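Visitor: To start, I am sharing the structure in question, which I have written as structure tokens.
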Amino acid sequence: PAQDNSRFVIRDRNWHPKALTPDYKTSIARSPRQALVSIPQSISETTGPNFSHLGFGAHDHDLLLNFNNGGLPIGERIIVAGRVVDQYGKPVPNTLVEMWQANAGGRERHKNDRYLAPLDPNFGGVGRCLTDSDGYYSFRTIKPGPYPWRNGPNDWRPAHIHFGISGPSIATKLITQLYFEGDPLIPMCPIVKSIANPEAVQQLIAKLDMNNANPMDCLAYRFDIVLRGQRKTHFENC
Amino acid sequence: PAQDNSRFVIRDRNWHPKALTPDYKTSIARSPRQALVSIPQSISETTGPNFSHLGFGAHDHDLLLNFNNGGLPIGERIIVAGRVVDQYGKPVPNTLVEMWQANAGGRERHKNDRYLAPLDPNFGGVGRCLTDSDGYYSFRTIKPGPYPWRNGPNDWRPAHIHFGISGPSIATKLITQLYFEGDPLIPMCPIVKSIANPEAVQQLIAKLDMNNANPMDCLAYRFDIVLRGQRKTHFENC
Amino acid sequence: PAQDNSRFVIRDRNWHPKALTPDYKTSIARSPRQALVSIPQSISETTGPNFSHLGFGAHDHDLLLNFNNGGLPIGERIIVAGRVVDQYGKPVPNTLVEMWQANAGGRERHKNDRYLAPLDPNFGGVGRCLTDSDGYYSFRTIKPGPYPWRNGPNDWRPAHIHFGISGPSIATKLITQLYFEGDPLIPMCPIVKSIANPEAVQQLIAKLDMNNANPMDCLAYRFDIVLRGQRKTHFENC
Amino acid sequence: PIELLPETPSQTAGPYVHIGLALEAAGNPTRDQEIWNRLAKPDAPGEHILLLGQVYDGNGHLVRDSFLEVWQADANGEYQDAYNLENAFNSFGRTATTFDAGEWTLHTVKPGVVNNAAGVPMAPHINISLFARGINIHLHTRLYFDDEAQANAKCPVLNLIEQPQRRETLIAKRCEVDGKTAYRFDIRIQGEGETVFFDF
Amino acid sequence: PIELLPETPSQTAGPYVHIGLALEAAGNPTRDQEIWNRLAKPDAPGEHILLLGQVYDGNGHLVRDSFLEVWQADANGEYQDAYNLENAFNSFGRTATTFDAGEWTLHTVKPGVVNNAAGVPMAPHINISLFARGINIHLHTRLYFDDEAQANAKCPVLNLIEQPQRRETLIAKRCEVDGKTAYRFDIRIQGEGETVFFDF
Amino acid sequence: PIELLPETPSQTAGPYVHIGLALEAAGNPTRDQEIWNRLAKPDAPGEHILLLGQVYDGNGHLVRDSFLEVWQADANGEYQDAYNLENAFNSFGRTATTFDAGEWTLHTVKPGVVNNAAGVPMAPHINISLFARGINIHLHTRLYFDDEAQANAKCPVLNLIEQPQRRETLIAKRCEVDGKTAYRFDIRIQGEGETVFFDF
Amino acid sequence: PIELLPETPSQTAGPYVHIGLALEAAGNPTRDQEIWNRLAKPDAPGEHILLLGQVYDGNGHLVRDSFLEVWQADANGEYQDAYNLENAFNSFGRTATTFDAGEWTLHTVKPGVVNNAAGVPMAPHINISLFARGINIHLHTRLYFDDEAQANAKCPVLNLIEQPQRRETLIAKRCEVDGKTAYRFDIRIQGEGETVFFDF
Ligand SMILES: [Fe+3]
Ligand SMILES: [Fe+3]
Ligand SMILES: [Fe+3]
Ligand SMILES: [Fe+3]
């Protein structure tokens, strides 16, 4: 069973977005009005699931092949890779990375998505992967397109990929969005502007990585994710 | 009796901290949602008590000796002195200055403080003093230590001394907190961050004062306080 | 036995404080007038003791408990941790780190200190620790207070902890002093001013480390130490 | 424009305010002379009255660490500023609600009428300043009496509050505590029935 | 002070979180192995219980796109970290409320008692993390049991909530759905009855 | 050029060095294991000898707060680095002069010969590091013996000191303390007869 | 920290200080009233004594252009601050060594005992300030008496000098010049026998 040997560096809630960010309209009715209650970390918060024996299908990380109904998805072929480290710069091995996204025209494969850009019959939009010993993960997918949504009357989400990362405990679990370098829609989105500090926005942006590209084939983006720093307990209960 | 012959410069409510400053958690449920209603100054707001005849004990301003159970308090021996003036630079004589603080380890002498730093059997934590004809006050005490509290999960109040100043009227009365020059906890404390302008924060930082130090005995800090300016009425009701 | 297989990078005698620094008065009669004579390194200078087998008591590194006469020391509870590396960035494992300091009021537990701040009956002021395999050490203690001394007529030593580090040889051994981030006494102390370059002063200033703090319990400071770099001999005697 | 020196900024009084300002309440030993809650001595002229109240936060919960300072005229309408524990009446006083005592009490006499600057009489009132953990800068309010309905309806202060229903939050309810004449003044910091607070 | 690398900031899970994290609840085909709402196989040791609830926004309306993740000790107070669909019990699980299913459900066992870091026993609980569109960084909460009144009274976690009325929002009310023991646990993100949410 | 990380700068050991490094001397209680002045146990091989000396400042006054660390080979010429209080010989030790004791003492055995890097033998020597209030960075010196005049005249270290009269400051004088073989090594920090100090 | 206005820095009194401060010793005409070396008129109360000395530089050579100012209590331990040439005793005086007169002289009375600020008695002394060309900021020193051995042993000022040999440089040696009691007090600015100099 899991043991209480770690402590995680407290989260900086002025760095992450606040709960109430009115320009993102849906946050108004879905943000708590009472202060969060702080509690010490116990074995309930410092352990979490290990997905090492989850049985992964061979194409679960490969979006160009895991849906497949006859051929290839239409759109810019890309590798999105990176590494997961903790705030002390220590690789986080064997952790679960899940991702989901729209198709090349910003349509998502979901019933409630009624945007008029057609579905791509060979694209599903979902992958999962386990980081390796060094904290590396990689996916192969098509770059998604931006799409409109009912927020302000002409709001458009920049092209993005959602990420969910487990880390070593439920204290480190995080869901975020990756964005693409240079997309001029980035500073105008109210969801990205829920982040008050511009240096925090920068961490959400995948940089073009021509070193990892496959020539005559696909480009590559690099996105490194930093989870809460983990340290051994010292001097507790005396 | 007291007579209505002064007016006080209206408070700058953007210089003082606002009522709702959500990082300071307890302020969320303790701040009014309706606006303050503005009322002209009358004899009820422009007069106030005078404390010249209050019976001060001889060690009221000397915290190294005012509690004393058989010794001296353990901690950095200091003098905290300064002057109380108004916004015109006019001294405020014979006014009441109260203060209270934690001990050297950050424990405060009150039943509800359960912090594990011990109590100091020779220290009480309270002082009072009346300013002199030129507006000077002075107390001797030990430097308080910082303490943790239940706000965010790892919040720590910088070393501080609480001060309360009556001034010439209820319109001028003020409760504040002194901080010590150079304390790296000052910019991370949410209570100090309730003050939005960085220039107003500097006004609460007491400065090291080698000139007032007693050599081979105690250091000193200087802390000047500025109350609302006072002016005579002019052209009122014609 | 120990064998001569390393060389140590020569000391920069302009980075370290000089021997004659007249504002520090006692150094006037205790500094050599003839030059130091330079000698090549041999087995006598490149080897040194190893302290792995010394018998450490269980609270040797824990000053909150190692003296203890019936309680806890009064003062700011802190952890002081860091790493000992060489000038190449190579960690220095299993090395001896000693330390001693004043109490919270600045009194030191030695017969000759006649300073009027009292002794704390639960505090001794001494610790030792061996670095770990990665070069980490750590001690828990209370923050010392500043004290006056007989140098100039109103001189006051900033709060400090004396450290002594053995390293792998007598060539590397060093006695120094840790200071605390933000202390306004640091730039006025003549002992600290014996170090002529302001950049070398910064290396002795421990920095506040909220990440290593135990919430609701003790703050922490980080203090990294850098010993002379060590290299293998090459091309010597041909 | 002309900028004078800025006022020192206010900071919250904190959870342990009782230690420097309400010694007994902090349960600590008192000094010889303390500024407390007995404004009137048994022989002071005017009508003797007991005031009490409770302080609520915006969730409807009691504030048990609040501290209050009061300033009021005597029975003849005069502000007695020279504070002295031997006087029969002092116009100033302090009180507090604690874990023990959720309610504050103040023993005084019903204030006489005073004029505003414009020579217009105000209804009888008690000036109150409320301090606590969570309050960054203290709140000013006025306690008026429900049995002075004719003077209240003409007070030039109570008539600066635009909505009538907000004026009622300032009007303390006559009741009886141990058979003795009393006015209950509950304060609501936030929310439904929020007490009017002033700036001046 | 010492600054470490900053944590990647959070973003909302967005409206279609289900397509990436609740394949079935999105009506899409599933993979061979999915992380879902059935923590205990029928023959696992402990009291089997069914959990259910709705999630409400600040205007009283149902949140129908929320996603939830749970972490709990097994029936002996041990966190089983090795996730494997073969195991009779996993400590981790995921569920969701959808347009079709306004209510979420979990099938597990009543967790046993674990100690906090000072060795004091905590009442049986379930750790819940809530994500949804409109929620910028997920909400952590804990589900307790109404029939564990005695241990809930001494839980050092439930005791850190100042106000007794707010600890009641973390208590799940026992009921029976088809002769099977079930606890209901509704979550109010905002407003009257707001569920307590933690930070750690 | 190439700049490595700079070495932490040295600071004086201070007047109270005894508290962290010479416990007994500070007159404080000792721990179980202390690094002190008895390098040799009564059964260690070689010639047993008592060393002693006094330390002078530049006015000719005694330094009564100095601390010394020593490093020497054993009787066969080998540096014993694994320090252990049970060993018969440890090559390292510490001692001190105090108000009480103006003189330091060290109980050891006369070191055998070791070679420099170039294979040339050095005369028998004891490596000394001197620390105190007023010394900003410690002074290195070597203690040699007056009764080893043939090896001293050929030591490649003693011959790097240009002037012959300066070589003598390093040569400890054989004498007798309580009838026991001893070498007196007085150090002069500054001034007439100043002891040679090295940099390496 | 708090910075005050900086003190005007000192400069040397220069070679001809006498023309501005020792009109006679410069051989220039004097004014009606001059501050000079005769502190006590012949009939003033106390033991009258003659004081004399030379002043030496670091090479053993006489300083012949020095200027000196003295401040001392009268015979009852009281500083007479009101300088007036009519008074029988002034606590202040000035003297000098010149090309003609290598030796300075003062005519006063043996001062009585004064207490330091903690109330401990200090041995009888005389405060001396020394100025001359080559001295950038004046040197403060104190003249004690060899025949007050007992009180000199307990003076809290003489005891702050660490080294017993250096306190002897502040002791003036009794002698007789023409049947009159005189104390000799030489001042060595630098080198062997350097007089102690203070800072306060
Ligand atoms: Fe406080
Ligand atoms: Fe999306
Ligand atoms: Fe020290
Ligand atoms: Fe000139």
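Since every read-out is calculated from the coordinates, none of them should be taken as a lab result. Every residue, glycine as well, gets a Cβ built from its backbone with ideal geometry; the counts of neighbours run over all protein chains shown.
Visitor: Among (1) in contact with a helix residue (DSSP H, G or I) (Cβ under 6 Å, 6 or more places away or on another chain); (2) farther than 23 Å from A:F56 by Cα, which single condition is A:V126 missing?
Guide: Against the list (1) in contact with a helix residue (DSSP H, G or I) (Cβ under 6 Å, 6 or more places away or on another chain); (2) farther than 23 Å from A:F56 by Cα, A:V126 comes up short only on (2).
Visitor: Please verify whether F:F145 is facing chain C (nearest Cβ under 9 Å), in contact (Cβ under 8 Å) with a residue 24 or more places away in the chain and not charged (D, E, K, R), treating the condition exactly as stated.
Guide: No: the conditions fail for F:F145.
Visitor: Please specify each residue of the range G:1-46 satisfying the condition of being within 27 Å of G:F197 (Cα to Cα), more than 16 Å from ligand 4 (Cβ to nearest atom) and touching a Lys or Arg at 6+ places or on another chain (Cβ under 9 Å).
Guide: Across the range G:1-46, the qualifying residues are G:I35, G:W36, G:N37.
Visitor: For A:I205, only one of the following conditions fails: (1) within 10 Å of chain E (Cβ to nearest Cβ); (2) without any contact (Cβ under 8 Å) to a residue 40 or more places away in the chain; (3) not charged (D, E, K, R). What is its number?
Guide: It is condition (1) that A:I205 fails.
Visitor: Taking D:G58 as the residue in question, decide whether it is farther than 27 Å from B:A102 by Cα, assigned to a loop (DSSP other than H, G, I, E, B) and in contact with a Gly (Cβ under 7 Å, 6 or more places away or on another chain).
Guide: Judged against the criteria, D:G58 is a match.
Visitor: Every residue in the range B:33-87 that is of a type in the set (K, R) and out of contact with any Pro (no Cβ under 8 Å at 6 or more places or on another chain), please.
Guide: B:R33, B:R77
Visitor: OK, next. Name, by its number, the condition in (1) touching a helix residue (DSSP H, G or I) at 6+ places or on another chain (Cβ under 7 Å); (2) within 23 Å of G:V177 (Cα to Cα) that does not hold for G:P111.
Guide: Of everything listed in (1) touching a helix residue (DSSP H, G or I) at 6+ places or on another chain (Cβ under 7 Å); (2) within 23 Å of G:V177 (Cα to Cα), G:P111 misses just condition (1).
Visitor: Could I ask something else about it? Restricting attention to the range E:153-161, does a residue exist that is within 28 Å of D:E192 (Cβ to Cβ) and in a loop (DSSP other than H, G, I, E, B)?
Guide: Yes; the residues of the range E:153-161 include at least one that is within 28 Å of D:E192 (Cβ to Cβ) and in a loop (DSSP other than H, G, I, E, B).
Visitor: Further question on the same structure: For the subset of the range C:125-145 comprising residues that are more than 7 Å from every other protein chain (Cβ to nearest Cβ) and not in a strand (DSSP E or B), which member is nearest to ligand 4 (Cβ to nearest atom)?
Guide: Of everything passing the filter in the range C:125-145, C:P144 is nearest to ligand 4 (Cβ to nearest atom).
Visitor: Determine the pairs where a residue that is more than 7 Å from every other protein chain (Cβ to nearest Cβ) and farther than 16 Å from C:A220 by Cα, located within the range B:148-170, has a partner that is within 12 Å of ligand 1 (Cβ to nearest atom) and not in a strand (DSSP E or B) with Cβ atoms under 7 Å apart, the partner being 6 or more residues away or on another chain.
Guide: That search, which allows pairs on different chains as well, returns B:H160/B:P144; B:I161/B:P144.
Visitor: Next up: Starting from the range C:210-238, keep only residues that are under 21 Å from C:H160 (Cβ atoms) and within 11 Å of chain B (Cβ to nearest Cβ), then list their pairs with residues that are among the acidic types (D, E) and buried (at least 18 other Cβ atoms within 10 Å of the Cβ) whose Cβ atoms are within a distance under 6 Å, requiring at least 6 positions of separation or different chains.
Guide: C:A220/C:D209; C:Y221/C:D209
Visitor: Would you mind stating whether A:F180 is buried (at least 21 other Cβ atoms within 10 Å of the Cβ) and more than 11 Å from every other protein chain (Cβ to nearest Cβ)?
Guide: Details: buried (at least 21 other Cβ atoms within 10 Å of the Cβ): yes; more than 11 Å from every other protein chain (Cβ to nearest Cβ): yes.
Criteria met by A:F180.
Visitor: Let me ask something additional. Does C:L219 satisfy the condition of being more than 16 Å from ligand 1 (Cβ to nearest atom), of a type in the set (A, V, I, L, M) and within 30 Å of B:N151 (Cβ to Cβ)?
Guide: So C:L219 fits the description; yes.
Visitor: Among the residues of the range C:45-58, are any touching a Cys at 6+ places or on another chain (Cβ under 6 Å) and either among the aliphatic types (A, V, I, L, M) or buried (at least 16 other Cβ atoms within 10 Å of the Cβ) (or both)?
Guide: For the range C:45-58, residues touching a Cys at 6+ places or on another chain (Cβ under 6 Å) and either among the aliphatic types (A, V, I, L, M) or buried (at least 16 other Cβ atoms within 10 Å of the Cβ) (or both): absent.
Visitor: Testing A:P17 on (1) free of Cβ contacts under 8 Å to residues at least 40 places away in the same chain; (2) at the interface with chain E (Cβ under 7 Å from one of its Cβ atoms); (3) of a type outside the set (F, W, Y), one condition comes back false. Which one is that?
Guide: Just one mismatch for A:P17, condition (1).
Visitor: Could you look through the range C:63-82, keep only residues that are closer than 30 Å to C:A171 by Cα and within 12 Å of chain F (Cβ to nearest Cβ), and pick out the one that is nearest to ligand 4 (Cβ to nearest atom)? Steps first, please.
Guide: We begin by selecting, within the range C:63-82, every residue closer than 30 Å to C:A171 by Cα; these are C:63, C:79-82.
Restricting the remaining residues to those that are within 12 Å of chain F (Cβ to nearest Cβ) gives C:63, C:82.
Details: C:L63: 60, C:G82: 57 Å.
Ranking the candidates gives C:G82 first.
Visitor: Mind telling me which of the residues F:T30, F:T98 ends up being touching an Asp or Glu at 6+ places or on another chain (Cβ under 7 Å) and more than 7 Å from chain C (Cβ to nearest Cβ)? Full working, then the answer.
Guide: On the way: F:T98 fails: touching an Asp or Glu at 6+ places or on another chain (Cβ under 7 Å).
Answer to the selection: F:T30.
Visitor: Can you name every residue in the range G:165-176 that is part of a helix (DSSP H, G or I) and under 18 Å from G:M122 (Cβ atoms)?
Guide: Just the residues of the range G:165-176 that are part of a helix (DSSP H, G or I), to begin with: G:165-170.
Those that are part of a helix (DSSP H, G or I) and under 18 Å from G:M122 (Cβ atoms): G:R166, G:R167, G:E168, G:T169, G:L170.
Visitor: Residues F:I137, F:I126: which one is within 30 Å of F:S10 (Cα to Cα) and at the interface with another protein chain (Cβ under 8 Å from one of its Cβ atoms)?
Guide: Just a single option satisfies the conditions, and that option is F:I137.
Visitor: Would you be able to tell me the number of residues in the range F:93-109 that are hydrophobic (A, V, I, L, M, F, W, C) and surrounded by 22 or more Cβ atoms within 10 Å (Cβ to Cβ)?
Guide: 3
Visitor: Restricting the first residue to the range A:87-110 and requiring it to be of a type in the set (F, W, Y), which pairs with a second residue that is away from ligand 4 (no atom under 16 Å from the Cβ) meet a Cβ separation below 6 Å and a spacing of at least six or different chains?
Guide: A:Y88/A:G229; A:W100/A:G125; A:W100/A:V126; A:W100/A:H162; A:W100/E:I19; A:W100/E:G20
Condition check ((1) more than 18 Å from the chain's Cα centre (by Cα); (2) surrounded by fewer than 21 Cβ atoms within 10 Å (Cβ to Cβ)) across all residues:
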| position | (1), (2) |
| --- | --- |
| D:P111 | no, no |
| D:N116 | yes, yes |
| D:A123 | no, no |
| D:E148 | no, yes |
| D:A153 | yes, yes |
| D:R174 | no, yes |
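Visitor: I want to confirm something. Restricting to the range F:81-104 and keeping residues that are part of a loop (DSSP other than H, G, I, E, B) and in contact with a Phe, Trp or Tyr (Cβ under 6 Å, 6 or more places away or on another chain), which single residue is nearest to F:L139 (Cα to Cα)?
Guide: Here the answer is F:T97.
Visitor: Filtering the range F:105-129 down to residues that are assigned to a strand (DSSP E or B) and in contact (Cβ under 8 Å) with a residue 60 or more places away in the chain, which residue is farthest from F:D146 (Cα to Cα)?
Guide: Ranking the qualifying residues of the range F:105-129, first place goes to F:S129.
Visitor: Scan the range D:130-146 residue by residue and report those that are part of a strand (DSSP E or B) and either more than 17 Å from D:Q72 (Cα to Cα) or within 12 Å of the chain's Cα centre (by Cα) (or both).
Guide: Those that are part of a strand (DSSP E or B) and either more than 17 Å from D:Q72 (Cα to Cα) or within 12 Å of the chain's Cα centre (by Cα) (or both): D:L130, D:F131, D:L139, D:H140, D:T141, D:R142, D:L143, D:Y144.
Visitor: Shifting gears a bit: Give the residue, chosen from E:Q80, E:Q11, that is within 8 Å of another protein chain (Cβ to nearest Cβ) and within 16 Å of ligand 2 (Cβ to nearest atom). If you could, list the steps in order and put the result at the bottom.
Guide: Numbers: E:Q80 fails: within 16 Å of ligand 2 (Cβ to nearest atom).
Checking each option against the conditions leaves just E:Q11.
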